[PDB]
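Please read the structure below before turning to the comments.
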Amino acid sequence: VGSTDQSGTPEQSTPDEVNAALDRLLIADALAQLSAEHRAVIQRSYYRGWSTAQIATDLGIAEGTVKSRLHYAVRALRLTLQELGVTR
Amino acid sequence: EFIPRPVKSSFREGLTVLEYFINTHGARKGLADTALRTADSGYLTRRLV
Amino acid sequence: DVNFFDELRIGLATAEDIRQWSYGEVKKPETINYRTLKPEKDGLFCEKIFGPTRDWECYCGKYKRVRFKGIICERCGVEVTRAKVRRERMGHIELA
Amino acid sequence: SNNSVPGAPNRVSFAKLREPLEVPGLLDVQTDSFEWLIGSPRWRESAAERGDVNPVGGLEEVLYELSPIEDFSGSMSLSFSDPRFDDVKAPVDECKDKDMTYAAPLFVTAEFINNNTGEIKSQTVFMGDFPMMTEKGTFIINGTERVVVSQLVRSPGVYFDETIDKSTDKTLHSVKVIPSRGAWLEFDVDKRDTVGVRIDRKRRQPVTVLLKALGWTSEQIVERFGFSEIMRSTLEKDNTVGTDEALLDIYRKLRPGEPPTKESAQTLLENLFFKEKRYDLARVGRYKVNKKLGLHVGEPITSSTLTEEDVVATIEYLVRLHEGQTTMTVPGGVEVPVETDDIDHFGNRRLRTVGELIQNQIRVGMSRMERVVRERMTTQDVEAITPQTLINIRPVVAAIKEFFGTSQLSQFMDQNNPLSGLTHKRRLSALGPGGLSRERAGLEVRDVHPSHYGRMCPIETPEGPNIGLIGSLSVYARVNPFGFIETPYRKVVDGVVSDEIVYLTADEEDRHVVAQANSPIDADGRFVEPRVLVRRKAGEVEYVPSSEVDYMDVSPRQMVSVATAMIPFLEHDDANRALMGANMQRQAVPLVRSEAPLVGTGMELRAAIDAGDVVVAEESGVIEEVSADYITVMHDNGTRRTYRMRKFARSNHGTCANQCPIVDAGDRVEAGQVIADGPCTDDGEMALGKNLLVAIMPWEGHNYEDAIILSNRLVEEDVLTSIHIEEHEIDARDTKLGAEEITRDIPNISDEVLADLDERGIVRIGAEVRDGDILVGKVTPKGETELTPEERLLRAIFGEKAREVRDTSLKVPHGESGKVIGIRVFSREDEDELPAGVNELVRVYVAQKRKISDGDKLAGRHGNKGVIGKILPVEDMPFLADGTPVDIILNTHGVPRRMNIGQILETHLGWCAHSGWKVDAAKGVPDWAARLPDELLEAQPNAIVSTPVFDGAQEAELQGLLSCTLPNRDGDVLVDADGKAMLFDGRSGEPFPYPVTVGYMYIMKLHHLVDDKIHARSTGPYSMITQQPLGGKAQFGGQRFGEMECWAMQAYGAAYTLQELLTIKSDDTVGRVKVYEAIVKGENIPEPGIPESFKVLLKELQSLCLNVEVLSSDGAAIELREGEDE
Amino acid sequence: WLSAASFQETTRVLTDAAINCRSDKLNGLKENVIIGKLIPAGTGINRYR
Amino acid sequence: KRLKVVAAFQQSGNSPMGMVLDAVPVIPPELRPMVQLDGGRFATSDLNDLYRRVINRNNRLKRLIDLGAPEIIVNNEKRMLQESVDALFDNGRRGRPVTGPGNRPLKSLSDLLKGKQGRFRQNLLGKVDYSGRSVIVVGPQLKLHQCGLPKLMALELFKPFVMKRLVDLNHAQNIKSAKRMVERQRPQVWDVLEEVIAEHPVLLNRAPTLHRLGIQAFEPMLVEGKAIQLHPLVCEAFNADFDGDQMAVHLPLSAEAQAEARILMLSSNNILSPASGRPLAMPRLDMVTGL
DNA sequence: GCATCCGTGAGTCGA
DNA sequence: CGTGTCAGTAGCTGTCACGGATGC
Ligand SMILES: CO[C@H]1CCO[C@@]2(C)Oc3c(C)c(O)c4c(c3C2=O)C2=NC3(CCN(CCn5c([N+](=O)[O-])cnc5C)CC3)NC2=C(NC(=O)[C@H](C)CCC[C@H](C)[C@H](O)[C@@H](C)[C@@H](O)[C@@H](C)[C@H](OC(C)=O)[C@@H]1C)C4=O
């Protein structure tokens, strides 16, 4: 049916990264106010996408230890964000 | 070349039908050649740039 | 990637250079599948050659997570990086 | 009085010349063509009184040219006849609403004749849904009104050209035989005194090769072409000789790669030029050939094909023209001059209208179906064949759809104001298939031709790249069945003007001499002066005795278009500003309330009525019930007809098409009278603007060079307020992970933004919506594997599970704001046929009430345009003696340059219309008012007048009227006999030192408003391939810093600004994000990186087998975050 | 060759550039505009930069 | 001229054998993308059709070589492969171009670089964010170094700066809600915007940019309405009458760019014509009559 | 050795 | 899958100046 070189076809576009950049800045700020352990765990679960056992193997700690560190660090980031007025 | 018959009337007086018709020739060609002349002007300008 | 490099060199591309660039040969003339939108193997949009359609997602669907970063999938042959590589990975056609 | 025929308001005309012939149907060009195409009873009766014997419509003509269809043996035959139409499938407004095509099913009678069995089966076969033309002369394709525009093409026939050679500087001559269909054939005489022929673009053979291939002996050639030495040299320099030799030569040059048989070439040289299958000169083409050569000039037009005699006579014409001969008689033919043709002359430039343009596409589709018929005959058995089995209507309907789809003359009629649509339907363009390319159009095709008089307007034409290629039909002009444009003339018997009127074509007009319309004529008909200004062939204007005038013009405005004829005092404006005024009248915006102009021309009434945007009574009667919704008319016989009003309809280009009733309950109304008028109409006349009190003076520099100062009264009283309507559309489809659903539940949105939505997620009717507000709440399911690491962490730190959908709601674009007036919902669940893969569709109509603002473009009728530079308070305005402030201030400097004195005259007369006048009746009628009609000697305030084009008010009568203007309510005359008045500075109070010209001028609001033209962008979408910002305001794109702007930066030496523009602000993928972060952080601007477009350039040069590499200062090649494997 | 290929006759310049194997010293207004460097003119020269 | 051709291959060290190809490169897919249409159908780039025809004919040639087909078929197939590669690299260069649907010549690889629509002139010599455009209006009260811009234009042009200042003065809690505030046009931003554009120059441009004075720097003043207010004296340099023509506004971000606008491109520092030295910002129309 | 013919170029910005 | 009597573009020239390789 169609050819991109032919007129009448809309060109593809990609949105700007403004919202993503602002969220990334706020997440970095909230991350700085965390302990080295909690930060090093959340940066290995969400930024590296490893499993629970993988982080437990890397950091040389227990399975439930990684679970509990993630469970608290998530809520600590939520505390910081809600203190700064981040929308739910 | 100029028409052997001029437009004797003035725009204050009001041109006749044929006077207006013969004026439109020069008017339209003066507007027409302007686009091509600007085209060649811009082309020479970019060459000089 | 600093912005100070002196010369920009141009020259004839040897067929061996064309093979040195190409991440695989485009054998089949097909493009994609018109139901699943998945590109056909060895086609003009083959993910084994050019790259994954989506980030960290291979063709057969075995590796869909970020933890398997850089794994050459054995069942579909697709690497697992971002789709950005589909803007720079060259193919080639070997002429008879 | 002016135009006292329908029942219009009494507009009094300054007319000195009577109108012998009234304006024809301005919509006849679109109407008559389509009526002939479908063979309507109106066209049949018109041709019946025209003298025609057994007329044939376009469809019947196609069916007769097609029938019969036979195979090689002749054992099978198929024939078509009797084309008829059933009722229309759906009404006009239903097609506009449901986005379908206005069409009626077409039925024909087809039958199969079998010669080998002696039995025939005849039946009715449905051909297709044939698109029908509306009463307004428009078609409706997929719910959009479109106008098929008449095309100026090169008429079929034989044409001769006198060219000048480049190298030898000798006069060469060439011939072209252009058929209505088939292969082309062009003879020529090169610079070597030899004659050659190009057959269908192919190689140029010697002319004697073609003569020998047709069966002419070498002796008869010398017998025919012996009087010229060039033909002797042609036959001597010839390569091959023989009847069966040159034929095979033509075969091998025409169809290469095939075995050349004597009969295989004998077949095609007869089929390509002499059989009606692959070659056809139309009746007009055959007639043009019979006139140009002077043969068969008395025989009835029965030969629809080219003959060998015509080829021989053409070669004779050429060879005589080459050596200075000026006269020739074909052996057995009448005498004809030997000359070259203009191909721009309107006798050789043909016009094909809607009917022919559709007929050609129907013919192509019918041929594509005929091939299918011949294929299906030889495959199926010769006893179970019916007309239903041989006919595959797919290519026919596909062809008409392609025409109304991917055609060239099918364009959507400009709906800014009624005049724009009328003008649209009366356009005559040279572009399109069969015409010419824009790159193939010199300065000679575009300029005015002397044959355009009374046929195509020399004023109304665009000033852009399409200048001269697009004209407008003259007022009284019409098209004959041949395709040429006829214009009416008054026949002068023996120096006596007669009321007998006859339409002449271009060459017919050239065969006589015509007198100008404004000729002094006795009450009996004899010319006052013996010598009168008369037009003659080749555009000659000269005096000539009165006993020489053959015809004369009908009306002074005979040469102008409808829009051009609406410019008062047009004879006082130069052609440039007149062109601009005529073109800007079509850009007028329909205001909330409409005012007819005080200074008119008489054309407004017929323009408004013939446009079709008013409501005229079909039959006489009384008004039974009148409402804002409909008007019911009780006829004399007893029947009732009800006309429904079109209220607040999105008029195409976003304007508001709103009709309002004029009559009241129990009003006797005659047939053809306007009972309700629509946009830009006041009591049935075109109201493209408002009458504004104007003063011609500079005012503190706010009107400096073409800027305009307005009174805020025009904002307070909605004088230039206009309604605009925008259409917003969104659909819910089926995606790979589910289906998009339109719901009020949108993730992470407060109950306050969704407060204007109903329970479905649609904005409610009557809600005022700014930019960014939600119109339709749509969510689309997004996969888990498509999530950003930060986005997945953010989803985890908020505990919001089951939000696998993202927001894709329909929001209001930037710069839009108004009241939601209409919602339309189409659901696949509710039997509504949507495209495959779509579950729901919503259209929201938003209406905005735009008051006149600073920067909106106003303009008059004389090409005087400008934007609004300032809107002062009503007290700041220079006010007259009685305290009434002016409405608009126009700079004086921009008046005597443009040579548009009309706006000044219109001003003077304008004031005379606002105040009224009374001529001194005592001691006889004064010497200036001797030519004025008795209806003009007295005028009440706010009277309407007519100044016809090239007629109307003269400066003497205007100067006289300014001297006897009526006083105001206090008894004081405010303006002087010079036309100026004393004004007071509303800011200081001191009166202005000198009198200023003050009057009333008709000002139009053009469709160039700052509400649409303002745009700004910080960041936004980027093109996926080049990673540069988008273009256009609708896509929220940025401005293009072009090449010349880069030259400007470099000339300034602004290195850093230029690098910033071309890197971090454009296509630097990582630089733009870090710049945004550095701005929101308060940091400094980072260092620019490498543009992505340059990377793309390198990757393309690589694809062109070019080894491009970037080297460092040492010489080692550096990569760009990429490698290379084998 | 980069400044010439962007002016006129792109293919005719690129062919001779690949045949002669020309290397472009990216030191010019047009070249630096294309690649995103500061133009060697005005505030971009090394004296003021 | 023959030596001009031969000595290049002699000295450079690259073999002329590169002019004959054994393998042809395929450009990455994102540079020849295939998009889906809102009607369910698809629209692809012409380069895909060219590559596809090359692939088809090459595979057919492989079949003919395997089957030992007569030399006539194999040679007539190799010719078609040659023409297909020729069309892929420069369609229409030899003979008639490969037409697509509707007798439209398909674009080749070399067409991505040719003319005004090519890569060089369309995406390299000219490209921008932080820019706007609107109709121009004469502003007599303005000073020569001043220009009047609409508030709605300046808000979007200075959006990130306004967000920063909204989060500084505690009008907004975080930068995210500051963005939402600017998008919703909360009444605070209008008091903040005035502080932002203070002495921050902008660039006004009117096409065609004939000389360097076709782009000039101005001090922005927040004015009501939706039109740009231009000084009457700079109308000569821009060749700008007030009959419906628009101008573009560009916002310099970096300190160097603002300095170049303040010093090099300011309208008050460019009164004379660089071509002749005679003044341009002088009384011209109403002003010369008044004097 | 020269007339022929091929290929190159032909303003910018808009909604 | 097998295929088997005639079975044969649309469109179009209504651009031109200019230089130099290509060709009788
Ligand atoms: C199928 O109809 C198309 C033609 C087909 O093709 C061509 C080759 O045959 C044409 C015929 C037979 C015409 O009569 C016209 C043209 C063309 C063609 O060009 C035309 N062609 C142009 C001039 C060059 N372009 C600009 C280049 N451009 C591009 N770009 O991509 O290049 C993107 N943006 C822009 C501005 C604009 C059109 N004006 C044009 C006109 N207007 C004027 O002269 C008037 C002074 C005022 C305008 C009235 C009003 C505005 C129009 O009535 C609107 C309501 C539509 O009716 C119109 C838009 C229509 O659009 C549709 C889909 O209906 C097309 C006419 C023609 O009367």
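Just so we're on the same page: first chain in the structure tokens is A, next is B, and so on; residues restart at 1 for each chain, and ligands are numbered from 1 in the order they show up.
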
message = Just want the 10 Å neighbourhood of range 12-25 of chain B, counted on only C-alpha atoms (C1' of nucleotides), with same-chain residues fewer than 5 positions away dropped. Output as a PyMOL selection string.
response = (chain B and resi 3+5-7+30) or (chain D and resi 447-450+452-453+457-459+516-518+533-535+539-541+556-560+569-576+579+899-902+905+949-951+954-956)

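Using only C-alpha atoms, one finds that the residues of chain A close to chain D, at 7 Å or less, are residues 11, 12, 13, 14, 15, 16, 17, 24, 46, 47, 74, 75, 77, 78 and 88 of chain A.
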
query = Could you pull out the alpha helix (DSSP H) residues of range 387-594 of chain D from DSSP and send them as number ranges by chain?
reply = D: 387-390, 394-406, 418-425, 443-446, 506-510, 575-585

If you keep C-alpha atoms, can you produce a file of those selected residues as a PDB file, in the first residue's frame?
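Output file result15.pdb is given in full below:
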ATOM      1  CA  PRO D 387     -23.884 -11.608 -18.571  1.00  0.00           C
ATOM      2  CA  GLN D 388     -23.366 -12.054 -14.817  1.00  0.00           C
ATOM      3  CA  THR D 389     -20.486 -14.500 -15.312  1.00  0.00           C
ATOM      4  CA  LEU D 390     -18.530 -12.475 -17.891  1.00  0.00           C
ATOM      5  CA  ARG D 394     -13.889  -4.701  -9.658  1.00  0.00           C
ATOM      6  CA  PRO D 395     -11.650  -2.617 -11.993  1.00  0.00           C
ATOM      7  CA  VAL D 396     -14.478  -0.219 -12.963  1.00  0.00           C
ATOM      8  CA  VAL D 397     -15.462   0.791  -9.434  1.00  0.00           C
ATOM      9  CA  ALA D 398     -11.769   0.697  -8.542  1.00  0.00           C
ATOM     10  CA  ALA D 399     -11.083   3.187 -11.351  1.00  0.00           C
ATOM     11  CA  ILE D 400     -13.765   5.664 -10.315  1.00  0.00           C
ATOM     12  CA  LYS D 401     -12.577   5.315  -6.702  1.00  0.00           C
ATOM     13  CA  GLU D 402      -8.977   5.925  -7.805  1.00  0.00           C
ATOM     14  CA  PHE D 403     -10.190   9.037  -9.621  1.00  0.00           C
ATOM     15  CA  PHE D 404     -12.107  10.395  -6.633  1.00  0.00           C
ATOM     16  CA  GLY D 405      -9.224   8.998  -4.542  1.00  0.00           C
ATOM     17  CA  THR D 406      -5.779   9.547  -6.049  1.00  0.00           C
ATOM     18  CA  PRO D 418     -19.563  30.944   0.190  1.00  0.00           C
ATOM     19  CA  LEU D 419     -17.650  33.024  -2.366  1.00  0.00           C
ATOM     20  CA  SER D 420     -14.595  30.805  -1.891  1.00  0.00           C
ATOM     21  CA  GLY D 421     -16.642  27.695  -2.668  1.00  0.00           C
ATOM     22  CA  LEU D 422     -18.295  29.262  -5.711  1.00  0.00           C
ATOM     23  CA  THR D 423     -14.936  30.468  -7.014  1.00  0.00           C
ATOM     24  CA  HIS D 424     -13.596  26.982  -6.335  1.00  0.00           C
ATOM     25  CA  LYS D 425     -16.326  25.365  -8.421  1.00  0.00           C
ATOM     26  CA  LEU D 443       6.487  32.389 -18.486  1.00  0.00           C
ATOM     27  CA  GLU D 444       4.382  32.078 -21.671  1.00  0.00           C
ATOM     28  CA  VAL D 445       1.736  29.622 -20.435  1.00  0.00           C
ATOM     29  CA  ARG D 446       0.985  31.799 -17.405  1.00  0.00           C
ATOM     30  CA  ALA D 506     -12.181  32.138 -29.628  1.00  0.00           C
ATOM     31  CA  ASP D 507     -11.433  31.646 -33.331  1.00  0.00           C
ATOM     32  CA  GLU D 508     -15.012  32.668 -34.155  1.00  0.00           C
ATOM     33  CA  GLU D 509     -14.395  35.908 -32.257  1.00  0.00           C
ATOM     34  CA  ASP D 510     -11.135  36.428 -34.154  1.00  0.00           C
ATOM     35  CA  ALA D 575      -4.041  44.928 -11.438  1.00  0.00           C
ATOM     36  CA  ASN D 576      -1.691  43.865  -8.621  1.00  0.00           C
ATOM     37  CA  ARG D 577      -3.770  45.100  -5.689  1.00  0.00           C
ATOM     38  CA  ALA D 578      -6.919  44.097  -7.588  1.00  0.00           C
ATOM     39  CA  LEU D 579      -5.579  40.539  -7.801  1.00  0.00           C
ATOM     40  CA  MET D 580      -4.847  40.623  -4.075  1.00  0.00           C
ATOM     41  CA  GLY D 581      -8.310  41.990  -3.263  1.00  0.00           C
ATOM     42  CA  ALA D 582     -10.094  39.345  -5.324  1.00  0.00           C
ATOM     43  CA  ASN D 583      -7.931  36.633  -3.752  1.00  0.00           C
ATOM     44  CA  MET D 584      -8.490  37.915  -0.204  1.00  0.00           C
ATOM     45  CA  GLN D 585     -12.265  38.152  -0.611  1.00  0.00           C
TER      46      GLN D 585
END

Closest atom pairs, chain H residues within 10 Å of chain D, only C-alpha atoms (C1' of nucleotides), as JSON lines:
{"residue": "H:5", "atom": "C1'", "partner": "D:378", "partner_atom": "CA", "distance": 9.3}
{"residue": "H:6", "atom": "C1'", "partner": "D:72", "partner_atom": "CA", "distance": 4.9}
{"residue": "H:7", "atom": "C1'", "partner": "D:375", "partner_atom": "CA", "distance": 7.8}
{"residue": "H:10", "atom": "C1'", "partner": "D:182", "partner_atom": "CA", "distance": 9.8}
{"residue": "H:11", "atom": "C1'", "partner": "D:434", "partner_atom": "CA", "distance": 9.0}
{"residue": "H:12", "atom": "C1'", "partner": "D:201", "partner_atom": "CA", "distance": 7.9}
{"residue": "H:13", "atom": "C1'", "partner": "D:201", "partner_atom": "CA", "distance": 9.1}
{"residue": "H:14", "atom": "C1'", "partner": "D:436", "partner_atom": "CA", "distance": 6.5}
{"residue": "H:15", "atom": "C1'", "partner": "D:440", "partner_atom": "CA", "distance": 4.8}
{"residue": "H:16", "atom": "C1'", "partner": "D:442", "partner_atom": "CA", "distance": 9.6}

Could the residues in this selection be written to a file with N, CA, C and O atoms (P, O5', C5', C4', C3', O3' and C1' of nucleotides), as a compact mmCIF listing (two decimals), in the first residue's frame?
# COMPACT_ATOMS: atom_id res chain seq x y z
P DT H 5 -5.53 -22.92 -24.47
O5' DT H 5 -5.66 -22.83 -26.06
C5' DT H 5 -4.92 -21.88 -26.79
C4' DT H 5 -4.94 -22.22 -28.27
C3' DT H 5 -4.98 -21.02 -29.20
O3' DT H 5 -3.64 -20.73 -29.66
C1' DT H 5 -6.68 -22.66 -29.78
P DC H 6 -3.30 -19.43 -30.54
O5' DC H 6 -3.46 -18.19 -29.53
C5' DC H 6 -4.73 -17.59 -29.31
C4' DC H 6 -5.12 -16.66 -30.45
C3' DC H 6 -4.54 -15.25 -30.36
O3' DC H 6 -3.38 -15.15 -31.18
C1' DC H 6 -6.92 -15.15 -30.46
P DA H 7 -2.32 -13.95 -30.97
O5' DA H 7 -3.12 -12.86 -30.11
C5' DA H 7 -2.75 -12.61 -28.76
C4' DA H 7 -3.98 -12.52 -27.87
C3' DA H 7 -3.78 -11.71 -26.59
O3' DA H 7 -4.60 -10.55 -26.62
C1' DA H 7 -4.69 -13.92 -26.11
P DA H 10 -2.14 -0.64 -20.51
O5' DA H 10 -2.41 0.64 -19.59
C5' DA H 10 -2.30 1.95 -20.13
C4' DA H 10 -1.52 2.85 -19.18
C3' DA H 10 -1.89 4.32 -19.25
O3' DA H 10 -1.67 4.94 -17.99
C1' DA H 10 0.33 4.04 -20.01
P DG H 11 -2.21 6.43 -17.71
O5' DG H 11 -0.99 7.35 -18.15
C5' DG H 11 0.34 7.03 -17.74
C4' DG H 11 1.35 7.73 -18.62
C3' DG H 11 0.94 9.13 -19.08
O3' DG H 11 1.73 10.10 -18.40
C1' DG H 11 1.97 7.85 -20.84
P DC H 12 1.47 11.68 -18.60
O5' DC H 12 2.80 12.18 -19.33
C5' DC H 12 3.83 11.25 -19.63
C4' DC H 12 4.43 11.54 -20.99
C3' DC H 12 4.15 12.96 -21.51
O3' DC H 12 5.37 13.60 -21.84
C1' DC H 12 3.71 11.36 -23.18
P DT H 13 5.84 14.91 -21.05
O5' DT H 13 5.05 16.11 -21.76
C5' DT H 13 4.63 15.97 -23.11
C4' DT H 13 5.41 16.89 -24.03
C3' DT H 13 5.29 16.56 -25.51
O3' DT H 13 4.15 17.22 -26.16
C1' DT H 13 7.57 17.06 -24.89
P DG H 14 3.13 18.23 -25.41
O5' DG H 14 4.06 19.37 -24.78
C5' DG H 14 4.89 20.17 -25.61
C4' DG H 14 5.57 21.26 -24.81
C3' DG H 14 6.06 20.86 -23.42
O3' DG H 14 7.18 21.64 -23.06
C1' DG H 14 4.36 22.48 -23.21
P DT H 15 8.67 21.14 -23.38
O5' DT H 15 9.56 22.04 -22.40
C5' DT H 15 8.92 23.04 -21.62
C4' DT H 15 9.93 23.84 -20.83
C3' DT H 15 11.22 24.15 -21.58
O3' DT H 15 11.13 25.41 -22.21
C1' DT H 15 11.54 23.69 -19.22
P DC H 16 11.96 25.71 -23.55
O5' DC H 16 13.40 26.16 -23.00
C5' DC H 16 13.49 27.15 -21.98
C4' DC H 16 14.89 27.20 -21.41
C3' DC H 16 16.01 27.07 -22.44
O3' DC H 16 17.02 28.03 -22.17
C1' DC H 16 16.33 25.52 -20.71

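The gap separating CA of residue 33 in chain D from CA of residue 353 in chain D is 6.2 Å, in Å to one decimal.
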